[PDB]
Every structure is written in C-alpha cells, then in structure tokens.
Amino acid sequence: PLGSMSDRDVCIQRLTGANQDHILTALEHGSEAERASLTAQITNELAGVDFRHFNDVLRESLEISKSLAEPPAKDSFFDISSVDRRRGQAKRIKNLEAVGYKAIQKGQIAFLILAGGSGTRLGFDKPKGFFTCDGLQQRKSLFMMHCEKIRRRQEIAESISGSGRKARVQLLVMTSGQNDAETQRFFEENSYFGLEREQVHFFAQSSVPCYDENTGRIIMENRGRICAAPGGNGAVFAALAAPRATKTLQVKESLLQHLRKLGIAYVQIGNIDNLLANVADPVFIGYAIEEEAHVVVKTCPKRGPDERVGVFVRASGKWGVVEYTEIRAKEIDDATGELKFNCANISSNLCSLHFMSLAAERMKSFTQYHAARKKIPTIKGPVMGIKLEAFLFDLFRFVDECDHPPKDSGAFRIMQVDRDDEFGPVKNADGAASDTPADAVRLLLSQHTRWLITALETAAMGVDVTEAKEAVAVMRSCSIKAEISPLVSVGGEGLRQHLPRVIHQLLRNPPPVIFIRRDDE
Ligand SMILES: Cc1ccc2c(c1Br)[C@@](O)(CC(=O)c1ccc3c(c1)OCO3)C(=O)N2
C-alpha cells in the first residue's frame, strides 16, 4: 500500500530489530559504495534470510555441537548394488522402470541440479557445471552431459508411450547469487544444450552469515560485505520458496508454486559434480511411486569401515544421517560379514512436491543446523567464526507428516545402488588422492565398457554371430574401453545399431577407447 521501496530501504527494514545493529549502521551511515555493496549482497545473495531467526539458529546449533541411532534393518530396503542383486530382481527392476517412464512422459518429473559451487579446487574459477573433463573424446561440460541425459530419458519415455505429446523433465538449476548471471549466459550461448528454454528454470540460493562465537555478531569481511558461506544443500527449500515473476502478469509466486501448476509430482535432486549421475532415473522414480514414498534416498555400501562419509540411520523412528565425525559404527553383522551401518549418503534424493512444500514450511522455524568453527579471512586479518550448514537430510524427520494418517510402513525409502555406476564426484584437482576428474572418467569408461560387452554378447546369441564373439574376445584381451554419448545410451540400451561399426573397429584396428556417439553430434 505504501508503494515501492528501494533495495537499501528493504535491507534496512530486514535488519531493524535483528540484534545485528553494526550491519544496520553500515547500511544507514556507511559510505555510498559500502551502503551499495552491502545492499546488493543482502538483496541478491542473502535474499529471504531472516536475520532474527538466524540468531536462534546460531544459539541452538552451538548448544547441539556440545546413541539412539539404529541401522536400516537387514534386508529392509531395495538393494540393487551389484550385478548379482540386479539379476535376481530383473523383473521388478524392469517393471519399476516402466512406471518411471510413464511419469516422465506425463511431465511429472523435475530434476534440480545443485549448481552453486565453483570449480576453484579443480583449478577452474568458473561454476563447476562449466567444467570439461579431460580424457573424454566428447568435449562436453558437466552441464551439457546432464542435459543430454534428460533429452535421452525423454526420448525413451516417448518411444515407450507412443504418445503425440513431448515428454518434458523440468530442469531446475540452483545457482548462487553471484554465479547466476554467468550460468544463464552459458546456457543461452549453448542453446540450452538442446533443451527447450521454457523447461529450464534458474533460481538462486541464499548464502548463510558467519558469526562471532562469543558475541553472536555477524562477522564483516569488509566494510561493504558480511561474512557468508554456502549453506549446504538444505538451501533448496528457501530457494524454491522465493517469490518470482509470474504470468498476463499476476502476483509473484515461488518456483515451488510454479511447479505445482505444471503438474510436477517429484523432484530428483543431485549435485552437478557427479559425473555418473543417473539423471531422471526411471527406476528411482518408479520405486518412489510404487512405494508411495515422499522421500527416497540413494545410498551405497561403504568402501571400508573408515570411509569418511555420512550413513543413514533411524533414531526414535526418525530418519537422518550421522556424519563420520559424529559416529557401534564399524560393527560387522555376524552372518553376512557386512558393516551394520552400510548405507552411505551419496546426496542423491527424490522427493515428492508435497514433501518439498512441507519441509520448506517446517524449515522456517527449524534451528538444528550444523555449526563449525572456522578460521575466516577478513580485510582486518583472519578471525575465528562459526559457519552454519543444513542439508536435505536434516528435514527427513518430517517426512511422514505429509500423510494423514501416516502410512504404517512410512513414506521414507532407501535404494541401495552400485557406487561405480552411480557416484563419481569431481571435487579435487587431478593428482589428488580421491574424487578427481580422472577417477570419475575411469568409472564412466568402466561402466560404458560393461554396456558394450553386454550388447556384443547379446548379439553373439544384424551382425555375424562369430564376429561378435571375436569382437568380445578382442575387448577382453586388449582391455579396450568404451566411451558412449548420453544421446546414444543412458542405461546400456540403444547400442545394437552401433555394433556394425564397433565390430569393424575391434576386428580391424581397435583404438584404446571405442567412441560411440550420434551421427549429428
Ligand atoms: C523456506 C524458507 C523461506 C525463507 C527463509 C527460510 C526458509 Br527455510 C529461512 O529460515 C532459512 C534460509 O533462508 C536458508 C538459506 C540458506 C540455507 C538454508 C536456509 O539452509 C542452509 O542453506 C530463512 O531465514 N528465511
């Protein structure tokens, strides 16, 4: 009713009565340039952040960081974590896959890419989605390969349905305030990697302030900038809640509300760093649908007892993750010889839109964040401060509140998957001990190699039976690998048509890595 307010006046309103008066002072009485940069930061990088609420978050999170957990019951979750476990369950997997494809066709699926991180650790000062792995004949960014996986899954859904309608997965790209513009530019310059512009939604997350432990004051990086840090993937809820321009222009609604109007039923969430990400996975989707789950998490067996990864647990009937620093944890089940706590968190989730909505509502009053003491660089020298994080898993305790009444068997499910098929995070520069681009590329090639050997062996049972058999023998004894474009195959399908060329190469002059791509690439 009082009309439009300047960005600065909105910031002033947001900081009034927030117990952070040193910031309010900077906004009201700082230099022109200081007032402006602080305004831009609080507006564009901390949009929606409730500063009073975060004082409570700091207080509680500090208290918490100063034994009820039980593992998932043996044999209680869907386990497809090896070749042998998948063989024994082949029909169930195929049936779930068909359910997932129907949902993709129906336009019910969104994929949310966590895209706030940079490639700085990889030696690349651009958003991580821009990163191009060496060692691949495809010269494609991580963003490009994600989009091609969506295109392929959409194409398969259409082939199964026979529908006249296009299968469309909504792509939600969760940027940072600082990297949003450059991310949109990259997509635009590349024609959205073959996607429709209308199915791609860019939305910026908010960072979280850092605090002095003794006083609870927000730390200043400099006179024009508060100390703030990426909040962790729990930022999704606030980010999906932010009002956006809405169409005839109407009152602003959230991306969440926009998705509900588009008929989205599930949101699959994953980090852009995962080279092996099974994007729009129809088995994951089919499992959620058939289980009537509001949350499904993907997990992997631990690599060994000392792997520094969080594991899923249930405590007092509530599901969550216990991080390696907080862990009985390394006990072995007597019968199987497997760790009792053996569902490692690979940050790959599928959530109902109802859950996304309810979790966001609950999170506004939620104060149990993860606090860490960190040395923080500032223009006045380093200081010790508190950083606060929250993760998707912190909200899973609310999952059964989505049903009235809750289901007897609950609405949370675990899907234990094969790590080497599903999880290859690109996090550390080549030459590091783990999670390097080369490590992820090795897993990718190993997976494609398995798919091609399988396709060749099926043909061994149009190409000549004996030539296919000979070609497989060449693959094995020469240790030939394959690299397969997602536009060709996302799960091992679609290779039959390529076998004449593959077989010719294998029998005449095999390269170290057979490259399979669409003719029009
Ligand atoms: C749904 C929602 C809408 C607005 C706000 C919130 C939520 Br949740 C907050 O309570 C939390 C917030 O913005 C926030 C911002 C970044 C985060 C984060 C939470 O978890 C880790 O990363 C908040 O302070 N404002």
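Descriptive notes on the structure:
- Beta bridges per DSSP with both ends in the chain, % antiparallel, nearest 5: 60
- Top positive-direction residue, dipole computed over the chain with Cβ charges, set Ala98, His53, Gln20: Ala98
- Quarter the surface of the alpha carbon convex hull of the chain and you get the mean projected area, 28.3 square nanometres.
- Placing unit charges on each Cβ (+1 for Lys and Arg, -1 for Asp and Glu) gives the chain a dipole about its Cα centre, and among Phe515, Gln268, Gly224 the Cα reaching farthest toward its positive end belongs to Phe515.
- Charged side chains reduced to their Cβ positions (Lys and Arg at +1, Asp and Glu at -1) give the range 172-281 a dipole of some 480 debye around its Cα centre.
- Cross-link partners of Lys247 among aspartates and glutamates (Cα-Cα below 15 Å; sequence separation of 8 or more within a chain): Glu198
- For peptides 490-496, 254-260, sequence by mean Cβ density within 10 Å, most packed first: 254-260, 490-496
- By the rule of a second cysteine Cβ within less than 4.7 angstrom, the chain holds isolated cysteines at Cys11, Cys133, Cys147, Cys300, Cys343, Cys351, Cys402, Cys478.
- Tail beyond 24 Å, pair distance distribution of the range 168-321 (Cα, percent): 51
- The C-alpha atoms of the range 77-186 occupy a region whose extents along the principal axes are 46, 37, 31 Å, arranged from largest to smallest.
- Subset of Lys149/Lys481; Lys66/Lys374; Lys74/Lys318; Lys102/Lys364 violating a 25 Å alpha-carbon distance limit: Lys102/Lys364
- The magnitude of the dipole of the chain, with charges of +1 and -1 set on the Cβ of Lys/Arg and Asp/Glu and taken from the Cα centre, is near 480 debye.
- With the highest mean first, a sort of the peptides 7-15, 126-134 on other beta-carbon atoms found within 10 angstrom per residue produces 126-134, 7-15.
All of the numbers you see were taken from the coordinates with simple rules; none came from a lab. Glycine gets a Cβ as well: all are built from the backbone with ideal geometry, and neighbour counts include every protein chain shown.
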